[PDB]
Structure formats: structure tokens, C-alpha cells
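Below you'll find only one chain, the form deposited in one PDB entry, shown as C-alpha cells.
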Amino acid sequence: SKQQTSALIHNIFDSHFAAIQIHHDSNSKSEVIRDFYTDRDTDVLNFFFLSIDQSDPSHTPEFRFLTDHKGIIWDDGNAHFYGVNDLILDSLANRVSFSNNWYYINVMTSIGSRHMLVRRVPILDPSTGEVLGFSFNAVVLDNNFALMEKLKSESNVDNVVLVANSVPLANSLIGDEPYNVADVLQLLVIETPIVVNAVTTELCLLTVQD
């Protein structure tokens, strides 16, 4: 059924972000993060995240950063791989102005538009009951082959293409099949719009069944 396929795709997609959010919520309660605010040892913080990520590599964000009350105090260096500089990191932090939910952000980078889901959670100081700042996780959708692979496999379809309006952002194609991404855009092809906090974004997932 076409509707079954769309519902499955929607559920798999949501499940990926749910898995990351469970991690994000748990990590943000760590004394390691809280202590970083005072002692600012980046090697300790990076080694902490490195250990977690390697234990569950398929449910991890592309990059992380931390803010205090004034601005960014740390990032994991990975944002730069997506054309994001310090000024753009600053803007992301300001764009995600509320906690505990994924927001879809289309941001201009040094290499063009990048399309992300970004979430922030507060870092509580349990000595005072005040918030020290926020922890952010960013998922970069563009060229996210691992995500597309997961979407294709877990939905038992032949291939998937992610688009923003009309423009392809990512796909699962091997390169040897009788069709390419243009053929899929311009075989049973189903369109599943992506909903983020009940708003229909410009993002759509296209499944290909042969």
C-alpha cells in the first residue's frame, strides 16, 4: 500500500531523530558537561563525546556545540566540515531559541545552502537550580548517505531521495541502477512530506520501488 509506505518512511525518519534526542537528553545531565562550564577543558569534553558516539555510531549528530549566557563556548570542530564558520554557529544558536524540540533550519554556508535539524537542551546547575547555558545537536541532511541508507533499508524500498521543494539534497543510489536522481524527480515513486513539530516543511522524502 502507498499509504503504508509513506507512514513507514515517516516513522523511520522520526525514529532516527528520537534516538538522537534520547542521547542528547541523557548526555546533557552529565557532570562532564556541567564541569566544562567552569573548567573549560576541551580534551576532556571531546573524549567524553568520542566514547559515546563510537558506542552507538548510527544515532549521532553531525555536530555539537555549547553556549553559556553570552555565546558559544565550545564546538566539536565538525561544523566546519559543512562550511559553517564561527559566525554561522553563532546564528544557529540564536535561531534555535527554544528547547527540547527539533527545528528545521536552512542556512547559508560557505559552500551554499545546508539543510539541518537542530535541537537545544538546557544545562542545569543542580547546585543552584539555574541554567548555565545550552547544548545543541545538529543533523545535516545534505549528502547524508548513512541516513538515506537507513531510510531505504528499514522501509524495504529500492532507493530514497530527499528533496527541499524541488532540489535533491541526498540520496541512497549506488550509481549502477537503470535510473538516476533526475529520472526520479523529472518505477513506483511515492512522495512523503516531512513534518517537523506538526508544520509541513519544504522537505519531502521520495521512495523508489522497482
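All residue numbers are counted from 1 along the displayed sequence.
We do not show the form deposited with a partner chain bound, though everything after this point is about it.
In summary, among the residues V184, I33, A164, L173, the only one with a non-hydrogen atom within 4.5 Å of the partner chain in the entry with it bound is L173. When the partner chain is considered in the entry with it bound, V199 lines it closely, a heavy atom lying within 4.5 Å. At least one heavy atom of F145 is located within 4.5 Å of the partner chain in the entry with it bound.
Although the partner is absent from this view, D90 stays clear of the partner chain in the entry with it bound, with no non-hydrogen atom inside 4.5 angstroms. In the entry with it bound, at least one heavy atom of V131 sits within 4.5 Å of a heavy atom of the partner chain.
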